[PDB]
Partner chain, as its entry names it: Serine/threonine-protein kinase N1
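Consider the single chain below, provided in structure tokens and representing the form deposited without its partner chain.
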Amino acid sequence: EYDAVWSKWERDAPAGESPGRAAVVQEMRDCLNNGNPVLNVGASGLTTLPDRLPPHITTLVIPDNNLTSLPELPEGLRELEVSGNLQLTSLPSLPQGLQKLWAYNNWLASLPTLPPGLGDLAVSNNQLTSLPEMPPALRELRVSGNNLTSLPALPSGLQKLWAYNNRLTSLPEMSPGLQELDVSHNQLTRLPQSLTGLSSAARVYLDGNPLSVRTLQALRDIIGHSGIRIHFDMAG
């Protein structure tokens, strides 16, 4: 059942990938035998992955490799980290129970439909020009270093948003309990007046934006009245 899929994967290996693919198969067998819910394939120029992965894993870690696609994901996965795969333009359909998705530094041109219970979404340094609707339970969004123009409406539960180094020409309405917003180096000029909801403890970062004279003066007003920490470029 599993031996067959993994055998064909190991045999189809180019020289150079033989030790790497062996180490992974050994790890996957270990996972079945002892019940380890975590699978980390390591960095070894992997060009492909097996068709089936152990069914019970909850965490899958894919370090720097040369993948162009990912196989069907474990039906009960809760954490996925993929980084450093520059031929990887898209992701497989995400399992419903996924909680954490770190897909930094690949070449994603889009993102699949996001699982209901997703809490942490970090997809910085990709190729994304837009993003899908956000699930209600989200508490962290990191989408920096992409050519995003706008952002979807944010779930109210959101605690942190990083979207710096994009092409943002506006912001959506803010969640009420936001603690940290970094949108440094975008094309923002008008603040969503929605921002005013941020608490005294909250930290905002607006450096490297044009900002309309009125909006600058309005921010200068907020600091004096709210004691809030807001950073932005200023002449003088």
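Positions refer to the first chain, counted from 1.
Same protein, other form: the form deposited with its partner chain bound, not shown, and the subject of what follows.
- A residue is said to contact a partner when one of its heavy atoms sits within 4.5 Å of a partner heavy atom; residue 122 fails this definition for its partner chain in the deposited complex, lying far away.
- Within this chain, residue 105 lines the site of its partner chain in the deposited complex, having a heavy atom no more than 4.5 Å away.
- By the criterion of a heavy atom within 4.5 Å, residue 184 is counted among the residues contacting its partner chain in the deposited complex.
- Using a 4.5 Å cutoff between non-hydrogen atoms, residue 207 counts as a contact of its partner chain in the deposited complex.
- Using a 4.5 Å cut-off to its partner chain in the deposited complex, not one of 11, 44 and 65 places a heavy atom inside that distance.
- Contact with its partner chain in the deposited complex, judged as any non-hydrogen atom within 4.5 angstroms, is confined among 45-53, 164-172, 187-195, 65-73 to 164-172.
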